[PDB]
Structures are given as structure tokens and as C-alpha cells.
Amino acid sequence: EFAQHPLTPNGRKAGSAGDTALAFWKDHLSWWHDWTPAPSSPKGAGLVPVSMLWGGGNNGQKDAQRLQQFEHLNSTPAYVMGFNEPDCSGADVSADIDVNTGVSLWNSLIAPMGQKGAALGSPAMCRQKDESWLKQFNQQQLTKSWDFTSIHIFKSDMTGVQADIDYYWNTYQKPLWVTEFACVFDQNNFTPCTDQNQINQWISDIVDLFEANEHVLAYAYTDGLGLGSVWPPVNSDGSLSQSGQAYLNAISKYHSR
């Protein structure tokens, strides 16, 4: 009888999306991802490295490299996530694949990893609570469904964060992982927050909300590009930024054993 993976990695919700701030945050995290099949920054050594199949290998240089690396994995990860934003476009930005193409990749490459014991994460939607892609994908013939629903939260207040959580719990009825989050005026041409005071409070508030919410089992601060000059967790001189320090101070509140 095989032991199942806990859907919170190694007793802590907190993780990182990317590795620029990983050395500074490590001691208060359990896990990280880097959008690749095999997260390998040496800054993460000891944390749970969560695998991803980003896309279908026809929407960018890195997309094609990552599909080939996923096909060549000699091993089964403890946790694997599906596609990054198949409902958005842009070469090496979002996966840009239809539901039919998603089903074929999921059944050929992701479901067999789950048969060998990996915990499976859904594809993550750029449309947030307005998605239709995952609703259609979930109605298709999948050889194995997902264990945790992956979500991206790009919102300017905690009302928007809560509306994303409620939509994905009510609709899919599985535990959630927030696999990327950042403070963004999403309805106003995707304008990233730029007020340091507001960002520091938003970070503090969102970590508290996630830690208290029974349906959120993991979360991860993103360092991806396109989020303005204030959100990045590392300054141009290499030092931890004020935004990076707000995350460090929030996740350390929940690390007391």
C-alpha cells in the first residue's frame, strides 16, 4: 500500500515561484518551483522541488526546451504541476494551447507520473475567477484527474484574493495551491502595484489570509517579469528589496517550531 504525499509540502504552506530571493527566504519555506521540469537552483537545496510541464513546446524557445527535458526525466517527482496559463498568449510568456491539445499532453506525460505516485496539480489559468478553459478541460476524458487545483492571484485587495479562492473551491472542490501571486490592478490594463506602503500591507494581509484559509495548502511569491520595478523581491544591487523583506517577515511569523 503506497503512502500518499501530503498536499501541504513538509508541514509549511510557504514557497517561492522563481529563485532570485530563494537564499534569503529558504529557512521559512518548504518548497519552490521555477516553471521547469526540474527546479535546480543550489539556493533551494533541501526544500521540495516541485516539477512543471509548462506547455506543448510550440509557443517559444524555452517552451520547446522544457517539453524535451520533461520527456527525458529519468525519475518521478513528489509533486508535478500542469500547464502555465494555457488561456493566455505570448512566446515563452503563457502556454497558449487549446483544451484538445492540453488533454493529449496531460494524458501522455502528466497522468503517468501520477500513476507512479506523484501528486498532480491542475493547469493554472491567467483568467483567474473568470476562467472557462479549466472548466472545459475538467469535463474531458483524463486518465487521472488532478489532486490540487493550481491558481494564479493577481489582484489589488483582499476582496479580489478571496473571490479567486471561493471560485476555485466552489467550482472544483479540491485543495488549492496559489502557484503565483502579486499585487496588480488587474482590471486596469494589468497595471502592477507601485506604492511600497500598500504593497507591504498587501503582502502581510495575504500571507495571514492564506495561512488561516483551510482550502489553501500552498502559496508562492513570484519574481516573474512584467510586474514593475517595486514588486521584484531583490534590488538591482543584489540585496533583499522592501517587497522581499515584507514576504520574509510575514512567512517567519508562521515558523515557530
# chains A, B, ... in the order shown; residues from 1 in each chain; ligands from 1
>>> closest_atom_pairs(of="segment 189-242 of chain A", to="segment 15-27 of chain A", cutoff="12 Å", atoms="only C-alpha atoms", output="Markdown table")
| residue | atom | partner | partner_atom | distance |
| --- | --- | --- | --- | --- |
| A:207 | CA | A:15 | CA | 11.1 |
| A:217 | CA | A:15 | CA | 10.7 |
| A:218 | CA | A:15 | CA | 7.0 |
| A:219 | CA | A:15 | CA | 5.8 |
| A:220 | CA | A:16 | CA | 4.5 |
| A:221 | CA | A:16 | CA | 5.2 |
| A:222 | CA | A:17 | CA | 4.5 |
| A:223 | CA | A:18 | CA | 5.8 |
| A:224 | CA | A:18 | CA | 7.2 |
| A:225 | CA | A:18 | CA | 10.6 |
| A:232 | CA | A:20 | CA | 9.0 |
| A:233 | CA | A:21 | CA | 6.1 |
| A:234 | CA | A:21 | CA | 6.2 |
| A:235 | CA | A:21 | CA | 9.9 |
| A:236 | CA | A:20 | CA | 11.3 |
| A:238 | CA | A:20 | CA | 9.0 |
| A:239 | CA | A:21 | CA | 9.0 |
| A:240 | CA | A:21 | CA | 7.0 |
| A:241 | CA | A:21 | CA | 9.2 |
| A:242 | CA | A:21 | CA | 11.9 |
>>> select_by_dssp(residues="segment 44-239 of chain A", states="strand (DSSP E)", output="compact mmCIF listing (two decimals) with N, CA, C and O atoms, in the first residue's frame")
# COMPACT_ATOMS: atom_id res chain seq x y z
N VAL A 48 11.47 21.09 -1.01
CA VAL A 48 10.75 20.25 -2.00
C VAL A 48 10.75 20.93 -3.37
O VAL A 48 10.20 22.05 -3.47
N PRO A 49 11.42 20.39 -4.39
CA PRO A 49 11.40 20.99 -5.71
C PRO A 49 10.22 20.51 -6.56
O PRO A 49 10.17 19.33 -6.93
N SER A 51 7.93 20.02 -9.74
CA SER A 51 8.11 19.97 -11.21
C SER A 51 6.94 20.67 -11.92
O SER A 51 5.83 20.70 -11.38
N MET A 52 7.20 21.13 -13.13
CA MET A 52 6.13 21.67 -14.01
C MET A 52 6.34 21.14 -15.44
O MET A 52 7.48 21.10 -15.89
N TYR A 79 5.79 15.99 -6.59
CA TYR A 79 4.70 16.90 -6.98
C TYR A 79 4.97 17.40 -8.41
O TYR A 79 6.11 17.82 -8.69
N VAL A 80 3.92 17.41 -9.25
CA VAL A 80 4.07 17.91 -10.64
C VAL A 80 2.84 18.76 -10.96
O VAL A 80 1.71 18.29 -10.76
N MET A 81 3.10 19.94 -11.52
CA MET A 81 2.04 20.83 -11.98
C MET A 81 1.90 20.79 -13.52
O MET A 81 2.92 20.77 -14.25
N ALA A 119 1.88 13.52 -6.71
CA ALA A 119 0.69 14.36 -6.55
C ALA A 119 0.61 15.33 -7.74
O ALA A 119 1.64 15.94 -8.11
N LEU A 120 -0.60 15.42 -8.35
CA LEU A 120 -0.77 16.21 -9.60
C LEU A 120 -1.46 17.56 -9.36
O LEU A 120 -2.53 17.54 -8.72
N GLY A 121 -0.90 18.61 -9.95
CA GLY A 121 -1.53 19.92 -9.89
C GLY A 121 -2.18 20.24 -11.22
O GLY A 121 -1.58 20.07 -12.29
N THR A 149 -5.70 22.01 -7.15
CA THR A 149 -6.04 22.97 -8.19
C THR A 149 -4.99 24.11 -8.12
O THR A 149 -4.88 24.81 -7.02
N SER A 150 -4.21 24.36 -9.15
CA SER A 150 -3.20 25.46 -9.19
C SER A 150 -3.89 26.72 -9.65
O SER A 150 -4.58 26.72 -10.70
N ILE A 151 -3.71 27.83 -8.90
CA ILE A 151 -4.30 29.16 -9.22
C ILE A 151 -3.24 30.26 -9.19
O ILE A 151 -2.24 30.17 -8.45
N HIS A 152 -3.48 31.26 -10.01
CA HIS A 152 -2.66 32.49 -10.04
C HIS A 152 -3.53 33.64 -9.51
O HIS A 152 -4.63 33.84 -10.00
N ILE A 153 -3.04 34.39 -8.50
CA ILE A 153 -3.80 35.54 -7.92
C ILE A 153 -3.05 36.87 -8.18
O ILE A 153 -1.94 37.08 -7.61
N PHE A 154 -3.60 37.64 -9.08
CA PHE A 154 -3.08 38.98 -9.46
C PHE A 154 -4.24 39.92 -9.21
O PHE A 154 -5.12 40.10 -10.04
N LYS A 155 -4.25 40.56 -8.01
CA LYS A 155 -5.37 41.39 -7.51
C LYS A 155 -4.79 42.51 -6.63
O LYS A 155 -3.63 42.40 -6.18
N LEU A 176 -6.37 23.93 -2.85
CA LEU A 176 -5.76 24.92 -3.73
C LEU A 176 -4.27 25.10 -3.46
O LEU A 176 -3.85 25.19 -2.25
N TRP A 177 -3.48 25.29 -4.50
CA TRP A 177 -2.13 25.88 -4.42
C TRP A 177 -2.13 27.17 -5.20
O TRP A 177 -2.55 27.22 -6.38
N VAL A 178 -1.68 28.27 -4.53
CA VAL A 178 -1.51 29.57 -5.21
C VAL A 178 -0.09 29.61 -5.77
O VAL A 178 0.87 29.89 -5.04
N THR A 179 0.07 29.21 -7.02
CA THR A 179 1.41 28.90 -7.57
C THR A 179 2.15 30.16 -8.08
O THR A 179 3.37 30.08 -8.34
N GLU A 180 1.40 31.24 -8.26
CA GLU A 180 2.00 32.60 -8.41
C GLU A 180 1.01 33.58 -7.79
O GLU A 180 -0.18 33.45 -7.98
N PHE A 181 1.52 34.61 -7.06
CA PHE A 181 0.70 35.80 -6.64
C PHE A 181 1.56 37.06 -6.68
O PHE A 181 2.79 37.03 -6.53
N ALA A 182 0.86 38.15 -7.01
CA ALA A 182 1.48 39.50 -6.96
C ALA A 182 0.36 40.52 -6.91
O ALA A 182 -0.80 40.32 -7.35
N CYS A 183 0.67 41.71 -6.35
CA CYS A 183 -0.27 42.87 -6.23
C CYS A 183 -0.33 43.58 -7.60
O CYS A 183 0.67 44.15 -8.06
N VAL A 184 -1.50 43.49 -8.24
CA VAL A 184 -1.75 44.04 -9.60
C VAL A 184 -3.18 44.58 -9.63
O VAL A 184 -4.12 43.96 -9.13
N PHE A 185 -3.30 45.77 -10.21
CA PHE A 185 -4.60 46.37 -10.65
C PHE A 185 -5.00 45.65 -11.94
O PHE A 185 -4.76 46.15 -13.08
N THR A 191 -2.07 46.66 -14.51
CA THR A 191 -1.07 47.63 -14.01
C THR A 191 -0.57 47.12 -12.66
O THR A 191 -1.32 47.12 -11.68
N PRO A 192 0.73 46.74 -12.55
CA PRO A 192 1.27 46.31 -11.27
C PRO A 192 1.17 47.40 -10.21
O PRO A 192 1.32 48.58 -10.53
N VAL A 216 -6.51 26.57 1.23
CA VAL A 216 -5.21 26.93 0.64
C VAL A 216 -4.14 26.09 1.31
O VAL A 216 -3.86 26.28 2.49
N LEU A 217 -3.51 25.17 0.57
CA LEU A 217 -2.49 24.26 1.18
C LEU A 217 -1.05 24.67 0.80
O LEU A 217 -0.14 24.09 1.40
N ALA A 218 -0.85 25.61 -0.12
CA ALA A 218 0.49 26.10 -0.52
C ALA A 218 0.32 27.41 -1.23
O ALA A 218 -0.71 27.65 -1.89
N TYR A 219 1.34 28.29 -1.12
CA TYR A 219 1.35 29.57 -1.85
C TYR A 219 2.79 29.93 -2.24
O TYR A 219 3.73 29.51 -1.53
N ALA A 220 2.97 30.76 -3.24
CA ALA A 220 4.31 31.08 -3.76
C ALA A 220 4.36 32.50 -4.37
O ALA A 220 3.66 32.83 -5.33
N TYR A 221 5.22 33.36 -3.78
CA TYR A 221 5.54 34.73 -4.28
C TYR A 221 6.31 34.63 -5.62
O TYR A 221 7.33 33.95 -5.59
N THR A 222 5.84 35.27 -6.68
CA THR A 222 6.52 35.21 -7.99
C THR A 222 7.55 36.33 -8.17
O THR A 222 7.29 37.50 -7.79
>>> residues_around(residues="residue 204 of chain A", least_positions_apart="5", cutoff="9 Å", atoms="only C-alpha atoms", output="PyMOL selection string")
chain A and resi 199+209+246-247+249-251
>>> write_last_selection(atoms="N, CA and C atoms", output="compact mmCIF listing (two decimals), in the first residue's frame")
# COMPACT_ATOMS: atom_id res chain seq x y z
N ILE A 199 1.91 47.88 -0.94
CA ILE A 199 2.42 46.51 -1.26
C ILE A 199 2.79 45.79 0.03
N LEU A 209 -4.12 35.71 5.41
CA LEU A 209 -5.36 35.14 4.83
C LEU A 209 -5.09 33.68 4.38
N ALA A 246 9.13 42.27 3.11
CA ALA A 246 7.75 42.13 3.64
C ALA A 246 7.34 40.63 3.60
N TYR A 247 7.67 39.91 2.52
CA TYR A 247 7.38 38.45 2.45
C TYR A 247 8.14 37.71 3.52
N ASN A 249 9.28 38.70 6.41
CA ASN A 249 8.74 38.97 7.76
C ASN A 249 7.38 38.31 8.00
N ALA A 250 6.57 38.19 6.96
CA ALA A 250 5.21 37.56 7.03
C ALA A 250 5.36 36.05 7.21
N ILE A 251 6.17 35.40 6.37
CA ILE A 251 6.30 33.91 6.48
C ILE A 251 7.04 33.46 7.72
>>> residues_around(residues="residue 96 of chain A", least_positions_apart="2", cutoff="7 Å", atoms="only C-alpha atoms", output="PDB file with C-alpha atoms, in the first residue's frame")
ATOM      1  CA  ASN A  59       4.986  28.592 -28.250  1.00  0.00           C
ATOM      2  CA  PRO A  86      -2.836  27.913 -21.484  1.00  0.00           C
ATOM      3  CA  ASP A  87      -5.628  30.619 -21.715  1.00  0.00           C
ATOM      4  CA  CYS A  88      -3.101  33.447 -22.451  1.00  0.00           C
ATOM      5  CA  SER A  89      -0.653  34.151 -25.379  1.00  0.00           C
ATOM      6  CA  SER A  94       1.917  31.906 -21.368  1.00  0.00           C
ATOM      7  CA  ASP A  98      -6.354  24.756 -26.628  1.00  0.00           C
TER       8      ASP A  98
END
>>> select_by_dssp(residues="segment 81-241 of chain A", states="alpha helix (DSSP H)", output="ChimeraX atom specification")
/A:99-105,111-115,133-137,158-172,196-212
>>> write_last_selection(atoms="N, CA and C atoms", output="CSV table (one decimal), in the first residue's frame")
chain,number,residue,atom,x,y,z
A,99,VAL,N,-7.8,23.3,-25.3
A,99,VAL,CA,-8.2,22.2,-24.4
A,99,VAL,C,-7.9,20.9,-25.0
A,100,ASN,N,-8.1,20.7,-26.3
A,100,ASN,CA,-7.8,19.4,-27.0
A,100,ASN,C,-6.3,19.1,-26.9
A,101,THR,N,-5.5,20.1,-27.2
A,101,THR,CA,-4.0,19.9,-27.1
A,101,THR,C,-3.6,19.6,-25.6
A,102,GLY,N,-4.2,20.3,-24.7
A,102,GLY,CA,-4.0,20.1,-23.3
A,102,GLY,C,-4.3,18.7,-22.8
A,103,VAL,N,-5.4,18.2,-23.2
A,103,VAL,CA,-5.8,16.8,-22.9
A,103,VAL,C,-4.8,15.8,-23.4
A,104,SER,N,-4.3,15.9,-24.6
A,104,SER,CA,-3.4,15.0,-25.2
A,104,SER,C,-2.0,15.0,-24.4
A,105,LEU,N,-1.6,16.2,-24.0
A,105,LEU,CA,-0.3,16.3,-23.3
A,105,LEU,C,-0.5,15.8,-21.9
A,111,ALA,N,-0.4,12.4,-16.5
A,111,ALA,CA,-1.1,11.3,-15.8
A,111,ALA,C,-0.2,10.1,-15.5
A,112,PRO,N,0.7,9.7,-16.3
A,112,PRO,CA,1.5,8.5,-16.0
A,112,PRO,C,2.4,8.8,-14.7
A,113,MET,N,2.9,10.0,-14.6
A,113,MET,CA,3.6,10.4,-13.3
A,113,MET,C,2.7,10.2,-12.1
A,114,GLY,N,1.5,10.6,-12.2
A,114,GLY,CA,0.6,10.4,-11.1
A,114,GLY,C,0.4,8.9,-10.8
A,115,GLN,N,0.3,8.0,-11.8
A,115,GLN,CA,0.2,6.6,-11.7
A,115,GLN,C,1.4,6.0,-10.9
A,133,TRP,N,-11.4,27.9,-19.6
A,133,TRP,CA,-10.6,26.8,-20.1
A,133,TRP,C,-10.6,25.6,-19.2
A,134,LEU,N,-10.3,25.8,-17.9
A,134,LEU,CA,-10.2,24.7,-16.9
A,134,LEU,C,-11.6,24.0,-16.8
A,135,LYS,N,-12.6,24.8,-16.9
A,135,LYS,CA,-14.0,24.2,-16.8
A,135,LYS,C,-14.2,23.2,-17.9
A,136,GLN,N,-13.8,23.5,-19.1
A,136,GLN,CA,-13.9,22.7,-20.3
A,136,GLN,C,-12.9,21.5,-20.1
A,137,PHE,N,-11.7,21.7,-19.7
A,137,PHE,CA,-10.7,20.7,-19.6
A,137,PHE,C,-11.2,19.6,-18.6
A,158,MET,N,-7.8,42.4,-0.8
A,158,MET,CA,-8.1,41.1,-0.2
A,158,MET,C,-9.5,40.6,-0.7
A,159,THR,N,-10.4,41.5,-1.1
A,159,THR,CA,-11.7,41.1,-1.6
A,159,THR,C,-11.5,40.3,-2.9
A,160,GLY,N,-10.6,40.8,-3.8
A,160,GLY,CA,-10.2,40.1,-5.0
A,160,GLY,C,-9.6,38.7,-4.8
A,161,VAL,N,-8.6,38.7,-3.8
A,161,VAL,CA,-8.0,37.4,-3.4
A,161,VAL,C,-9.0,36.4,-3.0
A,162,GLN,N,-9.9,36.8,-2.1
A,162,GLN,CA,-11.0,35.9,-1.6
A,162,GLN,C,-11.9,35.4,-2.7
A,163,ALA,N,-12.2,36.3,-3.7
A,163,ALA,CA,-13.1,35.9,-4.7
A,163,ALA,C,-12.5,34.8,-5.6
A,164,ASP,N,-11.2,34.9,-5.8
A,164,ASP,CA,-10.5,33.8,-6.6
A,164,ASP,C,-10.5,32.5,-5.8
A,165,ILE,N,-10.2,32.5,-4.5
A,165,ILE,CA,-10.2,31.3,-3.6
A,165,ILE,C,-11.7,30.7,-3.7
A,166,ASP,N,-12.7,31.5,-3.5
A,166,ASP,CA,-14.1,31.0,-3.4
A,166,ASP,C,-14.5,30.3,-4.7
A,167,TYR,N,-14.1,31.0,-5.8
A,167,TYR,CA,-14.5,30.5,-7.2
A,167,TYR,C,-13.9,29.1,-7.4
A,168,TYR,N,-12.6,28.9,-7.1
A,168,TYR,CA,-11.9,27.7,-7.4
A,168,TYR,C,-12.2,26.6,-6.4
A,169,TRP,N,-12.5,26.9,-5.1
A,169,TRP,CA,-13.1,25.8,-4.2
A,169,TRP,C,-14.5,25.4,-4.6
A,170,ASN,N,-15.3,26.4,-4.8
A,170,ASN,CA,-16.7,26.1,-5.1
A,170,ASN,C,-16.9,25.3,-6.4
A,171,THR,N,-16.1,25.6,-7.4
A,171,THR,CA,-16.2,25.0,-8.8
A,171,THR,C,-15.5,23.6,-8.8
A,172,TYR,N,-14.3,23.4,-8.2
A,172,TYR,CA,-13.5,22.2,-8.3
A,172,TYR,C,-13.5,21.3,-7.1
A,196,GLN,N,4.9,51.3,-2.3
A,196,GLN,CA,5.6,50.4,-1.4
A,196,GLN,C,4.8,50.2,-0.1
A,197,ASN,N,4.2,51.3,0.4
A,197,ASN,CA,3.4,51.1,1.7
A,197,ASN,C,2.2,50.1,1.4
A,198,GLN,N,1.5,50.4,0.4
A,198,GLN,CA,0.3,49.5,0.0
A,198,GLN,C,0.8,48.0,-0.2
A,199,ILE,N,1.9,47.9,-0.9
A,199,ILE,CA,2.4,46.5,-1.3
A,199,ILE,C,2.8,45.8,0.0
A,200,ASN,N,3.5,46.5,1.0
A,200,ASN,CA,3.9,45.9,2.2
A,200,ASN,C,2.7,45.4,3.0
A,201,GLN,N,1.6,46.2,3.1
A,201,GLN,CA,0.4,45.8,3.8
A,201,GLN,C,-0.3,44.6,3.0
A,202,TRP,N,-0.4,44.7,1.7
A,202,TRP,CA,-1.0,43.6,0.9
A,202,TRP,C,-0.3,42.2,1.1
A,203,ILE,N,1.0,42.3,1.2
A,203,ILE,CA,1.8,41.0,1.4
A,203,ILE,C,1.5,40.5,2.8
A,204,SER,N,1.5,41.4,3.8
A,204,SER,CA,1.2,41.0,5.2
A,204,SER,C,-0.2,40.3,5.3
A,205,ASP,N,-1.1,41.0,4.7
A,205,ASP,CA,-2.6,40.6,4.8
A,205,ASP,C,-2.8,39.3,4.0
A,206,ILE,N,-2.1,39.1,2.8
A,206,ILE,CA,-2.4,37.9,2.0
A,206,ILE,C,-1.8,36.7,2.6
A,207,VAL,N,-0.6,36.8,3.3
A,207,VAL,CA,0.0,35.6,4.0
A,207,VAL,C,-0.9,35.2,5.1
A,208,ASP,N,-1.4,36.2,5.9
A,208,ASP,CA,-2.3,35.9,7.0
A,208,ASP,C,-3.5,35.2,6.5
A,209,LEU,N,-4.1,35.7,5.4
A,209,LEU,CA,-5.4,35.1,4.8
A,209,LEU,C,-5.1,33.7,4.4
A,210,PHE,N,-4.0,33.5,3.6
A,210,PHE,CA,-3.7,32.1,3.1
A,210,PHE,C,-3.5,31.2,4.3
A,211,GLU,N,-2.7,31.6,5.3
A,211,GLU,CA,-2.4,30.6,6.5
A,211,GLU,C,-3.7,30.2,7.2
A,212,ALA,N,-4.6,31.1,7.4
A,212,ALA,CA,-5.9,30.9,8.1
A,212,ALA,C,-6.9,30.1,7.2
>>> closest_residue(among="A:77, A:157, A:47, A:41", to="residue 11 of chain A", atoms="only C-alpha atoms")
A:47
>>> atom_distance(atom1="atom CA of residue 55 of chain A", atom2="atom CA of residue 95 of chain A")
4.9 Å
